[PDB]
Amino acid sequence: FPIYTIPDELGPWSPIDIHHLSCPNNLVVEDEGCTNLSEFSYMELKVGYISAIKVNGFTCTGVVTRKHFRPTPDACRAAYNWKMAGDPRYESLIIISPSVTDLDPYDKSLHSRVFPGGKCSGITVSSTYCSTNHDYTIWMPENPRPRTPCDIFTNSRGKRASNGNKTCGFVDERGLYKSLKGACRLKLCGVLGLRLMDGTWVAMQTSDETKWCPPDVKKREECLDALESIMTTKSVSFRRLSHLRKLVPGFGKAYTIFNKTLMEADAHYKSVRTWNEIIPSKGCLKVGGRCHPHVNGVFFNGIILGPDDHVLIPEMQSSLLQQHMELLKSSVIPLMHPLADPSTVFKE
């Protein structure tokens, strides 16, 4: 159990609603089957495409001068293009960007709490729009006539680790073993592979007939308490934000806040032995061998620039002050000999 987890590689920052928040995974398969190795090159998803294939988009809401009306796609698109820069366009049509959706790999479906039940199933070139919870707004893609992206993989080198002919799993480019037990089969951009139970995908063939992925000392009690608190108050705090950080190595989300807009990014978390290997310099938070940059004093996961341009990590300080005060709560015994007035005893 490490003292902290730091992402080895930060993915892109995509904005989210508080409803997208979820508690960490915390899996420790730990082999126990394989004591053999070999250098092989596996294929995985790039950070940014691991959790979901994000389709950027936007919402077009129709206004008449006020009253409402359901607009048409063509005019709405015309609005977007004349709104990414200063342009004459200013019955009026309002857009909001971005309205990100999560593309389903089964059927080109799009899941978003802006759709009724994450309803939009697909968008061939016969609809060009997509219904919304609002009867007078439509959702459309950031790019017109887009298609599924397929430059989403990366070649990486790891170790196979099989027991018999059967593959127990492997060791990723980060050095962490991952187990194939409990994984399902998934085909992405035609390539056949497996979705592991941590959420990662890898291109492999198993001689074990597996299922197919369906379309849908614990601290999790503390996590869900902190989280349900957020949904009950619609407000987030940098301590409750600290329970969302995965506590053990492996794939997870990293959260942050820009312009009071909650955001998440894919991350491979690695163990930390000393705080020093994370913060060598003063204002340096070392992510992947570099002083990670910030915006106006915030890094991800509640890590923020303190009141002195000092990298202030929450768990670091909490553990520190805990240790200091704990040093101050140590008891001792003074050594009086005949002070009380009790009697005639020998006393060693």
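When you see a residue number, it is the position in the sequence shown, counting from 1.
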query	finding
Residues with no coordinates between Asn296 and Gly297, taken from the deposited sequence as a class	none
Of 39-47 and 24-32, the stretch whose C-alpha atoms average the higher B-factor in the entry	24-32
Stretch with the higher entry mean CA B-factor, where the candidates are 166-174 and 98-106	166-174
Out of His111, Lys246, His268, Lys219, highest CA B-factor residue	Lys219
Member of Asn259, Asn133, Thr200, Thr256 with the greatest C-alpha B factor (per the PDB record)	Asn259
Third assignment of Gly182 from its chain's C-alpha B-factors	highest
CA B-factor placement of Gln317, once the chain's modelled residues are sorted into thirds	lowest
Chain-relative CA temperature factor third for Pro2	middle
Third of the chain, ranked by Cα B-factor, where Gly118 sits	middle
Third of chain Cα B-factors occupied by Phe153	lowest
